[PDB]
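Participant: the data below comprise the sequence and an experimental structure of the protein.
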Amino acid sequence: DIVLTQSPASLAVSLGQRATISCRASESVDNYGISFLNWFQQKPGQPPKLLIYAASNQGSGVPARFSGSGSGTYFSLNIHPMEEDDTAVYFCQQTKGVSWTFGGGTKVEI
Amino acid sequence: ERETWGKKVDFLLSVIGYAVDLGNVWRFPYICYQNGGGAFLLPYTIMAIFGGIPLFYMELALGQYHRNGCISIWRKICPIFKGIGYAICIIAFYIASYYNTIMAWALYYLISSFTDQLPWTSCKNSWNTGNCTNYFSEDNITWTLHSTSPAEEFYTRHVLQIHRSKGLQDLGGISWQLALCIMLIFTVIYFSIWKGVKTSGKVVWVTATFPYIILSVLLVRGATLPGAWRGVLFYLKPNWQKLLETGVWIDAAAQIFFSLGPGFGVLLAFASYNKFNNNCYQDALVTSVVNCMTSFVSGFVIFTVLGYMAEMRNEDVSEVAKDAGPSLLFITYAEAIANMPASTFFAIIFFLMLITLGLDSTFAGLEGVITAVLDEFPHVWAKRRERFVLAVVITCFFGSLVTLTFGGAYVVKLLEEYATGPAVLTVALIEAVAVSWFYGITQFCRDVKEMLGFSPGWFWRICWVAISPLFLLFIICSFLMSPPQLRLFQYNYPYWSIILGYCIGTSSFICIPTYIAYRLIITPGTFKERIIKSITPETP
Amino acid sequence: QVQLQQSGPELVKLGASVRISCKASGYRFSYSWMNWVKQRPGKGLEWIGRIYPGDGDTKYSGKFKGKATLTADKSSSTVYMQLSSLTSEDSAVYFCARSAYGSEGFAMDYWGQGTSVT
Ligand SMILES: CCCCCCCCCCCCO[C@@H]1O[C@H](CO)[C@@H](O[C@H]2O[C@H](CO)[C@@H](O)[C@H](O)[C@H]2O)[C@H](O)[C@H]1O
Ligand SMILES: *[C@@H]1O[C@H](CO)[C@@H](O[C@@H]2O[C@H](CO)[C@@H](O)[C@H](O)[C@H]2NC(C)=O)[C@H](O)[C@H]1NC(C)=O
Ligand SMILES: CC[C@H]1C[C@@H]2C[C@H]3c4[nH]c5ccc(OC)cc5c4CCN(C2)[C@@H]13
């Protein structure tokens, strides 16, 4: 049961700006190079949708507005082309062992 | 005396313990499969009679006569060929990076198989899977292209992380989980050659020949397992195109010299560490034949189980593992245990007995290099004996971190085609020429009759002077002309590895004229007079 | 495109037992895991457990070690989540997500509409 906390709480809306969210990996590494980490969109009322898998690859159907980075403990998230439609909450999930959990979740609103 | 079957139980089972190695269990099924099965068996039974057995018998004769190690056998034969023993020490350093890592992969399967749910049975997203079909006919899954079995996926990403390395030009870091696994092996090796008391005792029973009699039950499973009727036919295909010019005889030259013993200098110390047996023609002839027989059974159980893969994939037998390298043993035995009913308990038994069968080729394999260097510092080892035995292990350990990385199989293949193939073959050629063309067969023939009293055969006396140096020279002449390139794990080869391959193969070749040039200016006299004074043997 | 539907909403009695269906076809069913995500209205997310088809393996988070029961069926290609010891906190929206095909373990955008129980 490896816990995980997201370091921001909520961000503002401003078009064309930086929005980064990190995750807690105090006892967490990667075992096979491809970084075990996920990212998810969830609009209010909608089921959760994949945003970025493996913290470096673009998701299925998601455009180039979202791209992840980082290696090891703290991982990045590039939302530099910020879109009005992206007003949702984001999550962070571990996939190492039987420790699957989610973070606190950070939303975005002006 | 009749010498009934009470001796036969004590004698024949003791020959099995001195015969079977990992060169008979791991090297031989993979070298039949690299150049096509069936095309290797007929050059195997000819190269062993003409090139393997007369060199297996030659080193045991010189071991009992001069009674020294392979560094100091040549000082009583021809003093300029002392660099042959230095060529043994530089090849045996390359084997420690080639052979100790296969032991490190064997103990890792023992640790990762205490769970009742075996990881070979499924590809259940455990560590790194994907594009895998575990049930061949248990859940009516058809076989498609670009699909891999979980017996291969458990190897290619868990124990040896190949995808970390893009190729031979780019190696990753050092795997922490495998590097601590080879550390436990060198602890056992250092705590075994610390005294080294093994001549003919009863430790040969438990260590080697009792793991072999329990390893033969895998053939019972292969008879029950389907695909065997279409599996064993691939091992017995006698017809093959151009077995004279292609260059598959160096696959037979490297396999025989790695399995029988001559070439690595292990027989010159083994026949010097025991006493007068007086049965050397009758003991070594049975041992050399049964060494091919203990390798024929292990070369028959592997292609039986690989016929089960070829049956339920609807492909050819040579289409199963097209570019899979020297890890064919850790894939065939990976699947053959999971199809047994007692899959949990027998995986511990079949792998731990593989460890003890490999350590006997290392506990007695270091006898050819540790005992041989004792005759060079006679006044030093009284206060050095705790040091240099420990120092050769750490030197072989630090020379093995080039292949404990994530690109392990990219180095093990390079140390198989070039470090064992031409390097051991060249030293075995110079060992045969310098004892016959220079030392003379006349003095050697009178030395055999002193310890035995039985004359060597007329068929044998033509071998060491004309027959056996002819076949060893033809393979090297066929190697320098033909390209040695192969293919491994969907990776063609880099061009700079071929130039690196001949540098390793001539790393042992360069040491022999180095000692000859050392004897050039140190002796006085005429250039035609210094040679005869150099090749003259010593005086007690 | 892999179809993945669920059952309808159900009512919750105090301490009763439920049975949530999760039908999905057009894909190799006994190939990947099946996620069960718990989400209370207003709160974040929570993982419950997983099950591999073919009676493979069930791993639980710990909070539902004896409270949740997962079954599989390769014929009907459906999984079931049997819950027990119901309370005022268990009535929420549950999801049935399919895991990745391999090397990462993500969710392949194969999610249900949410069998909200109350
Ligand atoms: C959980 C990890 C488990 C790792 C398991 C690794 C395998 C277990 C160790 C097997 C090797 C030790 O097993 C055996 O040990 C004994 C004593 O220790 C060694 O020693 C034995 O033979 C030597 C010479 O050959 C004799 O001098 C000695 O008196 C005798 O005991 C053997 O050479 C070795 O075969
Ligand atoms: C499983 O399927 C994938 C997808 O086809 C394979 O990935 C491709 O493999 C071929 C050669 O086998 C390469 O030329 C391609 O570049 C690969 N594609 C990508 C995106 O990398 C994969 O090799 C298959 N086998 C496994 C995972 O064992
Ligand atoms: C008995 C049969 C011999 C023929 C091949 C070479 C030889 C040898 N010598 C060595 C020296 C050092 C070493 O450090 C781990 C291992 C070896 C090996 C490998 C075991 N075998 C196979 C022996």
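Facilitator: Yes, it's here. Numbering: from 1, shown residues only, chains lettered A, B, ... in the order given. Ligands and ions are numbered 1, 2, ... in the order given.

Participant: hey, where'd the strands end up in chain C?
Facilitator: Secondary structure of chain C by DSSP state E: the strands cover C:4-6, C:20-24, C:34-39, C:46-52, C:57-60, C:68-73, C:78-83, C:93-98, C:115-116.

Participant: tell me how many other residues surround the closest residue to residue B:512 other than its chain neighbours.
Facilitator: Sequence neighbours aside, residue B:83 is the residue nearest to residue B:512 in space, at 4.0 Å (criterion: CB to CB, 6 or more residues apart in numbering or on different chains). The C-beta positions use only the backbone N, C-alpha and C, and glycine is treated the same way. When counting by other CB atoms under 10 Å in any protein chain shown, one arrives at 24 neighbours for residue B:83.

Participant: next one: residue B:282
Facilitator: 12.

Participant: which SSE is it in?
Facilitator: helix B:280-312 (DSSP states H and E).

Participant: isn't the residue nearest to residue B:512 up against residue B:516?
Facilitator: Yes. With contact defined as CB atoms under 8 Å, residue B:83 and residue B:516 form a contacting pair (7.0 Å).

Participant: how close does the residue nearest the centre of chain C get to ligand 3?
Facilitator: Central residue of chain C (CA atoms, centre = their mean): residue C:36, 3.5 Å from the mean position. The spacing between residue C:36 and ligand 3, counted by CB to the nearest ligand atom, to the nearest Å, is 51 Å.

Participant: is it true that that residue touches residue C:67?
Facilitator: No. Residue C:36 lies out of contact with residue C:67 (CB under 8 Å); the separation is 12.0 Å.

Participant: looking at chain C, which residue is nearest ligand 3?
Facilitator: residue C:103 (35.2 Å; CB to the nearest ligand atom).

Participant: residue B:130 is in contact with that residue, correct?
Facilitator: Yes. Counting by CB under 8 Å, residue B:130 is a contact partner of residue C:103 at 4.7 Å.

Participant: let me have the strands of chain C in TSV, extended by distance to residue A:21.
Facilitator: Below are the strands of chain C laid out as TSV (distance: least, CB to CB, whole Å):
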stretch	distance to residue A:21
strand C:4-6	28
strand C:20-24	30
strand C:34-39	19
strand C:46-52	19
strand C:57-60	27
strand C:68-73	30
strand C:78-83	30
strand C:93-98	21
strand C:115-116	28
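
Participant: closest to ligand 1 out of those strands?
Facilitator: Closest to ligand 1 of those is strand C:57-60 (CB to the nearest ligand atom; 24.8 Å).

Participant: the closest one pairs with which strands?
Facilitator: Counting by DSSP bridges, the strands paired with strand C:57-60 are strand C:46-52 (antiparallel).

Participant: and the contacts of the partner strand?
Facilitator: Strand C:46-52 is contacted by residues A:100-102, B:122, B:124-125, C:30, C:32-40, C:57-61, C:63-64, C:68, C:70-72, C:79, C:81, C:94, C:99 when judged by CB atoms under 8 Å, 6 or more residues apart in numbering or on different chains.

Participant: circling back: and residue C:103 and residue B:130? Which one has more around it.
Facilitator: Set side by side, residue C:103 and residue B:130 show more neighbours around residue C:103, with 20 against 17, by other CB under 10 Å.

Participant: tell me the backbone dihedrals of the more buried one, please.
Facilitator: Here is the backbone geometry of residue C:103 (degrees, to the nearest 10): phi -50, psi -20.

Participant: dump the residue contacts of it.
Facilitator: A:32, A:34, A:54, B:128-130.

Participant: which of the residues you listed are buried?
Facilitator: Among those, those classed as buried by 16 or more other CB atoms under 10 Å in any protein chain shown are A:34, A:54, B:128-130.

Participant: which ones, among these, also lie beside chain C?
Facilitator: Contacts with chain C are made by A:34, A:54, B:128-130 out of the buried ones among the contacts of residue C:103, judged by CB under 8 Å from any CB of the partner chain.

Participant: what separates the residue of chain B found nearest ligand 2 from residue B:104, distance-wise?
Facilitator: Going by CB to the nearest ligand atom, ligand 2 is nearest to residue B:131 of chain B, at 2.9 Å. From residue B:131 over to residue B:104 the distance is 28 Å, taken as CB to CB, to the nearest Å.
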